[PDB]
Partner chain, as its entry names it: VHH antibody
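Encoded as structure tokens, the following chain is the form solved without its partner chain, with no partner shown.
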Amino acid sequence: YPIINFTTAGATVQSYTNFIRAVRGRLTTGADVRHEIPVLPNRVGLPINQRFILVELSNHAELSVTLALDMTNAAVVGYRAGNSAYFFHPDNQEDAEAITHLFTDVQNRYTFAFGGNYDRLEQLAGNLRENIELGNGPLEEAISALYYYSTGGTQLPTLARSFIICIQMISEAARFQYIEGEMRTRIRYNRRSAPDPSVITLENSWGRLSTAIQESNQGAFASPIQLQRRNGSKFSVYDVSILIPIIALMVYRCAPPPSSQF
């Protein structure tokens, strides 16, 4: 599986931008672009060889973890730390089989009894995303915490939190140039801060936004998607056009309709 390397140690907007673009690049098959927005490969019929990408994370503590990301949704499905691999509870038997092809050389393989969704992760962490700071510091700490879980030095809540940080700064950043931008700004000013309502609502609405765009009539949404701005004010999305600078990747939701060209 393709590997993308990133270190939080001395991370800059550029090195982070390079990292997200590389991840996004590996996530972009070029086979499916809907209104200038790449669509992630459909899960059905997707060969196991084309299923995962690896995100090797290093930090200032000289620790390394390797996150496995699912091509179909850019989601972290689990990670490797040393001779151990840890996987989120598979949502189905197909995914359960799929993950057996990840880190096949580790001595120890563990599947968490919990999934890698925010709701579960937030409950486990004892904190909502809103109250979990993001930035290079949080990610630096997330990597150490993920690594020390393999040596028994990390509690499950801190894990969870760490997963929440990693997912937003990697999976959501790849999915959204906007969220990438939010992370870039954090790094630019060494800012450590919880995601504002614009980041939260984009994350929550990623699937619905993907569906709305793919099911849109020439880009026009049949029904608006309610988002929030940075200040928390209601922002309604009626069209793909305003999402083009915002959403970088879509989860596959339907086949592109036969081109109805004028």
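Positions refer to the first chain, counted from 1.
Determine, for stretches 224-232 and 200-208, which one has the higher mean CA B-factor as deposited. It is 224-232.
Mean temperature factor over C-alpha atoms, higher-scoring stretch between 141-149 and 78-86:
Per the PDB record, 78-86.
key: Largest Cα B-factor, entry values, listed residues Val106, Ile187, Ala173, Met71   = Top of the list by C-alpha B-factor: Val106.
According to the Cα B-factor stored in this entry, which of the following is highest: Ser162, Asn136, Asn92, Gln168?
Highest C-alpha B-factor among the listed options: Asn92.
Notebook entry, point to check: For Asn42, does the deposited CA B-factor place it in the lowest, middle or highest third of the chain?
Noted result: For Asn42, whose C-alpha B-factor we compare with every modelled residue in the chain, the answer is the middle third.
Worksheet item: Lowest, middle or highest third of the chain for the C-alpha temperature factor of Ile53?
Response: Its C-alpha B-factor, which the entry lists for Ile53, ranks in the middle third among residues of this chain.
* Asked: According to the PDB entry, is the CA B factor of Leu156 in the bottom, middle or top third of its chain, that is, lowest, middle or highest?
  -> Answer is highest: the recorded C-alpha B-factor places it there.
- Grab the CA temperature factor for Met183 from the record and place it in the lowest, middle or highest third of its chain. Tercile = lowest for this residue's CA B-factor.
Keep in mind that the form solved in complex with its partner chain is not shown, yet the notes after this line are about it.
Notebook entry, point to check: Hey, in the deposited bound form, does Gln228 get a heavy atom within 4.5 angstroms of its partner chain?
Noted result: Contact check for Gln228: yes, within 4.5 Å of its partner chain in the deposited bound form.
- Message: Taking its partner chain as it sits in the deposited bound form, is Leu57 near enough to touch it, meaning that at least one heavy atom pair lies within 4.5 angstroms?
- Response: Contact with its partner chain, no.
With the cut-off set at 4.5 Å between non-hydrogen atoms, does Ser64 touch its partner chain in the deposited bound form? Close contact is absent here: in the deposited bound form, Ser64 is far from its partner chain, nothing within 4.5 Å, heavy atoms only.
Residue-level contact is defined here as any heavy atom of the residue lying within 4.5 Å of its partner chain in the deposited bound form; does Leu27 satisfy this criterion? Flag for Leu27 set to no.
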